[PDB]
Each structure stands twice: as structure tokens, then as C-alpha cells.
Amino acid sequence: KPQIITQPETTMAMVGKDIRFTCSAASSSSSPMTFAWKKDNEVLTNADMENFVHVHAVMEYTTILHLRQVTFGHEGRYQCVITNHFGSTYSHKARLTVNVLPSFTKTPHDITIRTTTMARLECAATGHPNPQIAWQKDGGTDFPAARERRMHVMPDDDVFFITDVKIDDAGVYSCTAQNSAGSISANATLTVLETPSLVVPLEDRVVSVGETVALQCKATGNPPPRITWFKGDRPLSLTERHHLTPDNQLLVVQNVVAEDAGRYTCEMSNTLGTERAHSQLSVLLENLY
């Protein structure tokens, strides 16, 4: 009749680390006690046990089963058995399961993509139990591809993709793999560009000598396109009568003159390419001299 005080509790351990089970008992008598541990109903001979004694004023003896450098083979159901000259006491059964920290097999890398195309992000990890993959943009969740349900994943090939890439999709994306052991994460910067284009069409104009004409070239694209104006096929020579906004988008010519007639070309460029828009300016002449 050795009466158990502390019973071994079910626990989890990471592979490679040490773990321990403890049960402690105290006999009604002073007859010596013997501790045993039986895994899956088969004892460990050559087992690593360590024994302690407590002096409560009762002599409580504690036994510790050391499991050094745990592997998957250590996985099982453990129990402590205490024997004296009276009888044997049996403890609760404690389960031991094992962890393996997640390790990346595929990480996303920095890419530069155009608008309206499809961006692909690879990300996979091993580990026990199998890790779940989570995503972040700039450290959060309020990002357009998620909010607009445009981000998806291939079913069995571990590939994430975004359809119809917006400008606001650009930023740092963080891939995070997590299980019951821990978390790891990898960054990838998505950079989104757009070829230059015209917002509103550039229309032909017809004005009379002395009137004022205005040509607007509202250009989009990323990076913001540099705008250059041309008359004929030479760069536009500016006068006191010519006006430009700093962005060069609005071109105004006051007091139009016969020499002003001709084709005005709007040239929009960035690192992706160049687009052009044309406007024919016709002038209604009353008298040349």
C-alpha cells in the first residue's frame, strides 16, 4: 500500500529535447519502495530514473523518468508502478506526443509585376504536426487582395496567386508557418508597375486666331510618367503665350497664331515604355497680315 501523491501528467515534447514524468508516493510503513515505469505495458530496462526524497513535518519519495533526446519512438503511453512489501500501486496513464518545428521548403521571393496580370507566391513547410500557412501584407490583414477575394491557393501544389493585380497590392507580404511547436516566417516584396496610358482621350481642336486653346494630357501609370510635348516632330518651343502646369499635363496657348497650327504630340514615358497621344490643332485664319 504505497499511496501516490503526485501522478504523472500528460505532456508534449519537441524532438531532440529532454522531457520528464514524475510520480511521488509515501508508504504507511518504513519498508523500502521500488519504482518502475512501464511504457505501452512493456517496461524500459536500461531506463533513466532519478529519485528524490521530501521531508514533510511523512517521507514522500519522488521518482523521475528521464527521456533524453526524444524521438518519435518515445511516443506512447506511460505509467508508474510503486512496489513495497505490502502491494503494488498503479498510476494514471500519461500520453507523450512529440513536436517538430516547421521548416520552409519553398519561400516567396521579391517580384515586379504589371497591373491586371496575375501574381504567384510559393510557400510551403514541413513539420509535425503539419503546419498551417498564414499570410500578411505590411504586417496586417486589411489588404485589398484578401478584402476583395482575389487571392487564392492551388489545392495540392502549395501555390498562392493573386488575380487582377491592383496598384494597392504592392507591399511586403509575410508568409507564416505555424504548429504547436512554433512559428517561422518569410518576407517577399511585391512591386507593381503600370505602363503609361491616357485617362481621358486627347481630342483634336479647332480655334480662331486670337482665341485660347487648352490641351490636357492626364497620364497614369507607375512610376508616374514624365510628359513631354511636341509640335510636328520637334519638341515644343515655348513662348510668352504658352503655359504649362508643373506636371506638364495641361498645355495652354493664349492668343493663337497661324504658326501654332499643326499636330501636338503628348509623349508619356516611364521605365516600362512610352505611349503617345496626338492632337491636331487647326486654326481659322481671317487674314495672315
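So that there is no doubt, residue numbering starts at 1 and follows the sequence shown.
Set 93-101 against 106-114 and average the Cα temperature factors; 93-101 ends up higher. Taking the mean C-alpha B-factor of each stretch as recorded, 181-189 and 68-76 are not equal, and the higher mean is that of 68-76. For the set 40, 260, 247, 50, the PDB entry assigns the largest Cα B-factor to 40. Among 46, 239, 222, 255, the highest C-alpha B-factor in the deposited entry belongs to 46. When the modelled residues of the chain are ordered by C-alpha B-factor, residue 23 sits in the highest third. Annotation for residue 82: CA B-factor lies in the highest third of the chain's modelled residues. Per-chain ranking of the deposited C-alpha B factor places residue 210 in the middle third.
Ranked by C-alpha B-factor against the other modelled residues of its chain, residue 174 falls in the lowest third. Sort the modelled residues of the chain by CA B factor and residue 136 lands in the lowest third.
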